[PDB]
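Asker: Provided herewith is a single structure, encoded as structure tokens, for subsequent inquiry.
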Amino acid sequence: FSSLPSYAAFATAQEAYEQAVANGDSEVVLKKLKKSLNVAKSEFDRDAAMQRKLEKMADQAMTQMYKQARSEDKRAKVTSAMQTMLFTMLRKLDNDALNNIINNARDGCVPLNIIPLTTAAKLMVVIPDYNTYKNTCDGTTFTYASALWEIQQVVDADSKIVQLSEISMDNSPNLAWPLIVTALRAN
Amino acid sequence: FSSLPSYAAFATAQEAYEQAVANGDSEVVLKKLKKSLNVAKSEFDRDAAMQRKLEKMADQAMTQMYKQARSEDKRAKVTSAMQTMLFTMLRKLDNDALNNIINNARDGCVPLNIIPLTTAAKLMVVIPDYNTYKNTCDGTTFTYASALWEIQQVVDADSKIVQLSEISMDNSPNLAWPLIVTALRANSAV
Amino acid sequence: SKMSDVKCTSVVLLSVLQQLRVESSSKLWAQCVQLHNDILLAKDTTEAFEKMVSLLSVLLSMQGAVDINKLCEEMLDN
Amino acid sequence: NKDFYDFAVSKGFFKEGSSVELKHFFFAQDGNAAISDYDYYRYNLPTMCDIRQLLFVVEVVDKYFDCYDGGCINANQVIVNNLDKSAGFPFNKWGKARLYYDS
Amino acid sequence: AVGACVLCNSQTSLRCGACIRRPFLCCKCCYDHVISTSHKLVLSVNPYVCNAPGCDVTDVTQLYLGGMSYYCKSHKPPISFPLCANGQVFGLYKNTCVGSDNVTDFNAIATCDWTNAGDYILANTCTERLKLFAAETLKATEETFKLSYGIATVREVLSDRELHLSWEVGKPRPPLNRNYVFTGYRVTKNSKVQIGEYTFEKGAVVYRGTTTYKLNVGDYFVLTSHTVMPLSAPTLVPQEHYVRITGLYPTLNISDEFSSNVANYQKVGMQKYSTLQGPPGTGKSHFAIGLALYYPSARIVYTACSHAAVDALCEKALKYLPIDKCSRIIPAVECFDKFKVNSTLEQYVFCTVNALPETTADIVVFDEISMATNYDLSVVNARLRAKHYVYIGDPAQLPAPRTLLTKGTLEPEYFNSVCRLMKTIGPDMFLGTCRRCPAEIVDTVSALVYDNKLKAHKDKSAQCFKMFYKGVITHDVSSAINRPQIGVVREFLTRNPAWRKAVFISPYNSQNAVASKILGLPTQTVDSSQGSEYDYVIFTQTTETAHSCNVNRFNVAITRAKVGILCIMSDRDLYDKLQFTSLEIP
RNA sequence: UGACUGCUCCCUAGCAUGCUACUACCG
RNA sequence: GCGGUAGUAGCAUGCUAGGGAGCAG
Ligand SMILES: [Zn+2]
Ligand SMILES: [Zn+2]
Ligand SMILES: [Zn+2]
């Protein structure tokens, strides 16, 4: 704390008294010098701690306000944060069935109900283009979620039944394409 | 802190004493200066301390009385709210059936569990599944508590209207099953 | 380490599903809660994975909901 | 808390065959859970006791509870902590316990 | 909480307590905001005020930061340091702050009542973000001085289109035409109930039906307004010309029916933004379709401020080129459901400034940019990150009425962000399409403001009307009804047989409202004749002091005709060299 | 929508006591 | 020459009051 007038006064008094004492002198001069020195020393010493307490208190207050602002900010982005985190962990898991269904949904082939686990029960998906049908459906079997399923019904956007033999490269582009395959889980 | 009653005397004595010191007079005037200034500062000390104590005492008293006033205001508003709630719920007592069953008592006292059982106008039934449904409220009118009730509305756990034509054995697994049935007292109260 | 990862992922997935107002459909919410509670009690790491597939199918079969493709182009899921 | 989990994993935790694993979680419940939990009062049945033996067991218990003192106190000697908690039904429509301890 | 003060380039958590938009000012910046003017109150993450119960101090210059709280002057525990000291105000970013050299930007334009011309003057003497602040504050002051008038209501109902109307307690009434839509709400006992959209002009109270209504007791009609949110994207994009025609899908055929299209096609080939200054008939009718056919698959977005002007192009944007490649979405408001509505996925998305979501696009071709501040430009440049821009428009197409004008009319060039740029750097395209508008209008209008850009394409058969007349005026609280030139128009239409096939537009709807009682010509408003331009026309002025007979406020509404016009003018300024056929009064 | 107890850690404000220090009065 | 008294500053100790959090039945 060397930026206060009290420090300047105390330093000048210290220098004057020290020089006078080192020069050598009587008792009355020493007494007068110390009576004029100690008041300035106390004046300096009070502020020397008051300033420190003020500075640390200000630092703590700024810390607390930063923490409050950050918490208020954080509690307002939870949906996006959670979605990003979930997909990061889904990457890190690295499973074949999960990767299969995520890529299928990313290209457009999403399911319509909860995927069953038993050797029975119906599953319905939507196939929006011929390329997805070429990749997944070949023959009369269906490969989805790293499993095997058996096609039993095909329905178009007009809800008319389409037989499996109908679908072909050039024979397809005269149809309502968002097909709906309903299959059951092969053993 | 600058216009205290003793401030004038203290400052005037200090100024006069320091002028005498600056006059370069003998040591007796210096001793008188020192004594007078010492006693002046000593008397200024308590005048500067007691006032500061008193101000803080007064501030504490003001704060306490303000919070007391706020507490009284809150009490008044909660009293008004409770009175309003009681007088609002009073207006649905059906004061003819209640009077009819009160007068039959031999001294005016009746169990509380039989007041809704004999004077209520509406009945609500919660049904877990279809097997329980077909044994309790099958059809459009059923009997319970020695009275006849007729159905008025049926909703599901999601609070959406459900028609009785689709509450069947085949269509049972397609409903949010905690069904709620509402009926009215027939021939009696509503 | 392959089991705690799937349990944490299941917790995050259930939180994401709850954020999308799924508990406004009692049957779907009951099924999701059952699956989530069953995953956390698993002991072997095959049943947990099939239940995880079943639970993720619920989120995937909601068209508007989220953007699978944007959330896959942010140096995220492949 | 993903940061703590990653920090713990980066220090050799949660490996296969370890003796320390997570078995404490937050479990979720569906809509009809409160009533299902309340329905556990069906295990409470009316029970008659052997009175001549209970009248002696109570004396022994009172002997156990003998080194204390008690009685009634005035309203200004009551100590309450956390006056910011619920007050029950129907008093929770207008405030906490502070409102009723001040009014 | 944590926003941005940008003139001092300082992130901030502070804001002025008593100001327009709760503006964000850094420590030194809030300081010279609170010493150059009187704004002795600020707001931070928490508001600065003494925390002892019962205490009250609005000022901040004497508060102290105590024990994790704030205390004050009159009620003073002073174990602290002052909040306002050393050229700064206490907060975060107390070290990373710069300050402002121009001390009186807010102190000049945020301290007046946001109605003088000096506001817009300084707004044009600003930066992009400073003028963004300006435009948002103009929208804020528009709404905040619109929410100071009454709410009309019908308490006992009469036959439709002729009702009774009482208003409010003591407040004044705004202007009278259909500019302010009376779309309020109905109250049953505590809630708001379906009402519809209404408009009050003639009062016995004659209403115009935006819909057919069955009015009940008490029904209240007034515009209830929200506040426009801050915007995050710049209005104009900086001028950078393309290296090549890289990234384009070129075509083989060349447009022939349009005689000024090929060079401008190449311009769009290497022009990034495109604005021109034109009346009706300047490519707005056919050049948009020319680009549509000349680049088929380019994501080109169109927009007009109202759907009836979007319709002027969209009516045959599906006929000239296939239907499957345009759309505009209709909210529910007068909007036209011609295209594939409720369909974000399209190619040539038409639009309205009022509403459109953001997915993606690549080329901008937007119609008039007139009756709004930088909001219109910024919402549409945020709508899409486009590789090409065409800002069809005019600083005089439908110049935004400056609510309650009090101090003169500013220079037309000083529009939102592009019109002052417009004829200081030159027109972006070579384009003039006078295939509907004749030369009789073009002569005067181009000799006045649109120099040498539009052609004298079609001649006139000496039927244009002149009759020297001074006129008398009679005004009302919000409009005016005309005795002389209305009578002269009547007795003029009684002379020519084939003149009763025109329009009867009015500076305020009162003129046609009064005329419908005894003749019955259709209602017309000077607000926006959206995409509806016709040849024969009856124009009227009634009172023309500051809104009409000043500058090209409606010189485009003087571009009425195709082979013949009427344009009544009751002053002696816009005739200097006009040569309409001189015929005497009857 | 958030019960009754018990224990422990952290921060601030006040009170009481003690230690040291600096001036001043008194004998 | 020693002690007493009156303010002032720093430090330590125990309570009361307010706020945030953890565990257990
Ligand atoms: Zn301000
Ligand atoms: Zn600033
Ligand atoms: Zn205060």
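Naming works like this for the structure tokens: A, B, ... for the chains as they're shown, residue 1 at the start of each chain, ligands 1 onward in shown order.
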Quick one: residues within 7 Å of range 52-60 of chain C, only C-alpha atoms (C1' of nucleotides), excluding same-chain residues fewer than 6 positions away - as JSON, numbers by chain?
Answerer: {"A": [98, 105, 110, 114, 115, 116], "C": [10, 17, 32, 35]}
Asker: Mind writing the picked residues with N, CA and C atoms as an mmCIF file, in the first residue's frame?
Answerer:
data_model
loop_
_atom_site.group_PDB
_atom_site.id
_atom_site.type_symbol
_atom_site.label_atom_id
_atom_site.label_comp_id
_atom_site.auth_asym_id
_atom_site.auth_seq_id
_atom_site.Cartn_x
_atom_site.Cartn_y
_atom_site.Cartn_z
ATOM 1 N N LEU A 98 -27.821 -50.268 -33.008
ATOM 2 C CA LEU A 98 -28.092 -48.848 -32.823
ATOM 3 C C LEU A 98 -27.611 -48.039 -34.018
ATOM 4 N N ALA A 105 -32.914 -44.152 -39.827
ATOM 5 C CA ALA A 105 -33.709 -42.966 -39.530
ATOM 6 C C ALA A 105 -33.122 -41.714 -40.158
ATOM 7 N N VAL A 110 -37.948 -44.639 -40.861
ATOM 8 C CA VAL A 110 -38.220 -44.607 -39.427
ATOM 9 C C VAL A 110 -39.306 -45.625 -39.096
ATOM 10 N N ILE A 114 -43.170 -49.164 -31.165
ATOM 11 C CA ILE A 114 -42.043 -49.676 -30.393
ATOM 12 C C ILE A 114 -41.577 -50.983 -31.018
ATOM 13 N N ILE A 115 -40.268 -51.120 -31.202
ATOM 14 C CA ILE A 115 -39.699 -52.330 -31.787
ATOM 15 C C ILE A 115 -39.909 -53.486 -30.816
ATOM 16 N N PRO A 116 -40.594 -54.550 -31.222
ATOM 17 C CA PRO A 116 -40.818 -55.678 -30.317
ATOM 18 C C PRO A 116 -39.579 -56.544 -30.166
ATOM 19 N N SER C 10 -28.948 -44.647 -21.092
ATOM 20 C CA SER C 10 -30.380 -44.819 -20.864
ATOM 21 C C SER C 10 -30.953 -43.701 -20.006
ATOM 22 N N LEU C 17 -36.395 -37.861 -23.601
ATOM 23 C CA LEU C 17 -37.776 -38.221 -23.906
ATOM 24 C C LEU C 17 -38.759 -37.459 -23.031
ATOM 25 N N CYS C 32 -42.027 -46.623 -21.417
ATOM 26 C CA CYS C 32 -40.693 -46.039 -21.337
ATOM 27 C C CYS C 32 -40.121 -46.163 -19.931
ATOM 28 N N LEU C 35 -39.068 -49.788 -19.300
ATOM 29 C CA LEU C 35 -37.809 -50.113 -19.971
ATOM 30 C C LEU C 35 -36.619 -49.486 -19.250
#
Asker: List the neighbours of residue 141 in chain B out to 7 Å using only C-alpha atoms (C1' of nucleotides); skip same-chain residues closer than 2 positions along the sequence, and give me the result as a PyMOL selection string.
Answerer: chain B and resi 139+149-151
Asker: Given a cut-off of 8 Å, which residues of chain B touch chain E, counting only C-alpha atoms, written out as a list in words?
Answerer: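 Listed by rising number, the hits are residues 59, 63, 66 and 67 of chain B.
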Asker: Neighbours of range 12-16 of chain F within 10 Å (only C-alpha atoms (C1' of nucleotides); same-chain residues fewer than 2 positions away dropped), as a list in words?
Answerer: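 So, after excluding close chain neighbours, the residues are residues 66, 67, 68 and 69 of chain E; 14, 15, 16, 17, 18 and 19 of chain G.
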Asker: Any residue with an atom at most 9 Å from ligand 2 counts, using only C-alpha atoms (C1' of nucleotides) and all ligand atoms. Which are they? Put them as a ChimeraX atom specification.
Answerer: /E:4-12,24-33,97-100
Asker: Taking only C-alpha atoms (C1' of nucleotides) and all ligand atoms into account, which residues are within 10 Å of ligand 1, as number ranges by chain?
Answerer: E: 15-25, 30, 33-34, 37-42, 106-107, 110-111
Asker: Keeping N, CA and C atoms, export the residues of the selection given above as a PDB file, in the first residue's frame.
Answerer:
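The new file out_17.pdb reads:
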ATOM      1  N   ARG E  15     -27.512  -2.423 -17.544  1.00  0.00           N
ATOM      2  CA  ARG E  15     -28.473  -1.809 -18.448  1.00  0.00           C
ATOM      3  C   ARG E  15     -29.079  -0.600 -17.752  1.00  0.00           C
ATOM      4  N   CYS E  16     -29.470   0.400 -18.539  1.00  0.00           N
ATOM      5  CA  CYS E  16     -30.037   1.619 -17.980  1.00  0.00           C
ATOM      6  C   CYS E  16     -31.426   1.343 -17.416  1.00  0.00           C
ATOM      7  N   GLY E  17     -31.672   1.813 -16.193  1.00  0.00           N
ATOM      8  CA  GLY E  17     -32.938   1.531 -15.540  1.00  0.00           C
ATOM      9  C   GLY E  17     -34.130   2.206 -16.189  1.00  0.00           C
ATOM     10  N   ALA E  18     -33.975   3.467 -16.596  1.00  0.00           N
ATOM     11  CA  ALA E  18     -35.062   4.262 -17.168  1.00  0.00           C
ATOM     12  C   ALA E  18     -34.649   4.691 -18.573  1.00  0.00           C
ATOM     13  N   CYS E  19     -34.993   3.873 -19.566  1.00  0.00           N
ATOM     14  CA  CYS E  19     -34.646   4.178 -20.946  1.00  0.00           C
ATOM     15  C   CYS E  19     -35.576   3.431 -21.898  1.00  0.00           C
ATOM     16  N   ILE E  20     -35.223   3.386 -23.182  1.00  0.00           N
ATOM     17  CA  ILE E  20     -36.141   2.913 -24.217  1.00  0.00           C
ATOM     18  C   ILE E  20     -36.269   1.391 -24.236  1.00  0.00           C
ATOM     19  N   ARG E  21     -35.165   0.683 -24.477  1.00  0.00           N
ATOM     20  CA  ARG E  21     -35.166  -0.766 -24.666  1.00  0.00           C
ATOM     21  C   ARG E  21     -34.430  -1.503 -23.582  1.00  0.00           C
ATOM     22  N   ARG E  22     -34.259  -0.919 -22.395  1.00  0.00           N
ATOM     23  CA  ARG E  22     -33.311  -1.425 -21.411  1.00  0.00           C
ATOM     24  C   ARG E  22     -31.965  -1.586 -22.102  1.00  0.00           C
ATOM     25  N   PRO E  23     -31.387  -0.505 -22.620  1.00  0.00           N
ATOM     26  CA  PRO E  23     -30.184  -0.624 -23.444  1.00  0.00           C
ATOM     27  C   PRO E  23     -28.977  -1.031 -22.617  1.00  0.00           C
ATOM     28  N   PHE E  24     -28.022  -1.654 -23.296  1.00  0.00           N
ATOM     29  CA  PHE E  24     -26.873  -2.241 -22.629  1.00  0.00           C
ATOM     30  C   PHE E  24     -25.679  -1.301 -22.722  1.00  0.00           C
ATOM     31  N   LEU E  25     -25.161  -0.905 -21.560  1.00  0.00           N
ATOM     32  CA  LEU E  25     -24.075   0.061 -21.494  1.00  0.00           C
ATOM     33  C   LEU E  25     -23.027  -0.435 -20.512  1.00  0.00           C
ATOM     34  N   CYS E  30     -22.003   3.195 -19.291  1.00  0.00           N
ATOM     35  CA  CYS E  30     -23.113   3.573 -18.422  1.00  0.00           C
ATOM     36  C   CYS E  30     -22.803   4.851 -17.656  1.00  0.00           C
ATOM     37  N   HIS E  33     -23.326   7.666 -19.906  1.00  0.00           N
ATOM     38  CA  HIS E  33     -24.769   7.711 -20.102  1.00  0.00           C
ATOM     39  C   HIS E  33     -25.489   8.349 -18.918  1.00  0.00           C
ATOM     40  N   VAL E  34     -24.916   8.285 -17.714  1.00  0.00           N
ATOM     41  CA  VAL E  34     -25.618   8.772 -16.529  1.00  0.00           C
ATOM     42  C   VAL E  34     -25.031  10.098 -16.043  1.00  0.00           C
ATOM     43  N   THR E  37     -26.578  12.796 -19.302  1.00  0.00           N
ATOM     44  CA  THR E  37     -28.013  13.004 -19.138  1.00  0.00           C
ATOM     45  C   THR E  37     -28.422  12.585 -17.734  1.00  0.00           C
ATOM     46  N   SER E  38     -29.725  12.466 -17.485  1.00  0.00           N
ATOM     47  CA  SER E  38     -30.211  12.104 -16.154  1.00  0.00           C
ATOM     48  C   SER E  38     -30.874  10.740 -16.237  1.00  0.00           C
ATOM     49  N   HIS E  39     -30.140   9.700 -15.850  1.00  0.00           N
ATOM     50  CA  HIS E  39     -30.598   8.316 -15.883  1.00  0.00           C
ATOM     51  C   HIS E  39     -30.170   7.596 -14.613  1.00  0.00           C
ATOM     52  N   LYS E  40     -30.366   8.235 -13.459  1.00  0.00           N
ATOM     53  CA  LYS E  40     -29.770   7.785 -12.200  1.00  0.00           C
ATOM     54  C   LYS E  40     -30.501   6.547 -11.684  1.00  0.00           C
ATOM     55  N   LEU E  41     -30.415   5.470 -12.466  1.00  0.00           N
ATOM     56  CA  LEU E  41     -30.867   4.144 -12.060  1.00  0.00           C
ATOM     57  C   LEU E  41     -30.382   3.115 -13.074  1.00  0.00           C
ATOM     58  N   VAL E  42     -29.815   2.004 -12.598  1.00  0.00           N
ATOM     59  CA  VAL E  42     -29.266   0.974 -13.474  1.00  0.00           C
ATOM     60  C   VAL E  42     -29.785  -0.381 -13.018  1.00  0.00           C
ATOM     61  N   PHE E 106     -26.597   7.976 -27.567  1.00  0.00           N
ATOM     62  CA  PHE E 106     -27.803   7.820 -26.763  1.00  0.00           C
ATOM     63  C   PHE E 106     -28.245   9.161 -26.192  1.00  0.00           C
ATOM     64  N   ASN E 107     -27.285   9.960 -25.724  1.00  0.00           N
ATOM     65  CA  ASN E 107     -27.615  11.240 -25.113  1.00  0.00           C
ATOM     66  C   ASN E 107     -28.282  12.192 -26.099  1.00  0.00           C
ATOM     67  N   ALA E 110     -31.541   8.872 -28.045  1.00  0.00           N
ATOM     68  CA  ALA E 110     -32.331   8.110 -27.089  1.00  0.00           C
ATOM     69  C   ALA E 110     -32.932   8.987 -25.999  1.00  0.00           C
ATOM     70  N   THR E 111     -32.693  10.297 -26.046  1.00  0.00           N
ATOM     71  CA  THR E 111     -33.189  11.218 -25.035  1.00  0.00           C
ATOM     72  C   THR E 111     -34.351  12.075 -25.514  1.00  0.00           C
TER      73      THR E 111
END
Asker: Tell me, in Å to one decimal, how far CA of residue 48 in chain E is from CA of residue 68 in chain A.
Answerer: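 Interatomic distance here is 15.4 Å.
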Asker: Quick one: pull the distance between CA of residue 62 in chain A and CA of residue 49 in chain A, Å, one decimal.
Answerer: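 That distance, rounded to one decimal, is 20.2 Å.
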Asker: Please provide as a PyMOL selection string all residues within 10 Å of residue 96 in chain A, with the sequence filter that same-chain residues fewer than 6 positions apart are discarded (counting only C-alpha atoms (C1' of nucleotides)).
Answerer: chain A and resi 102+145-146
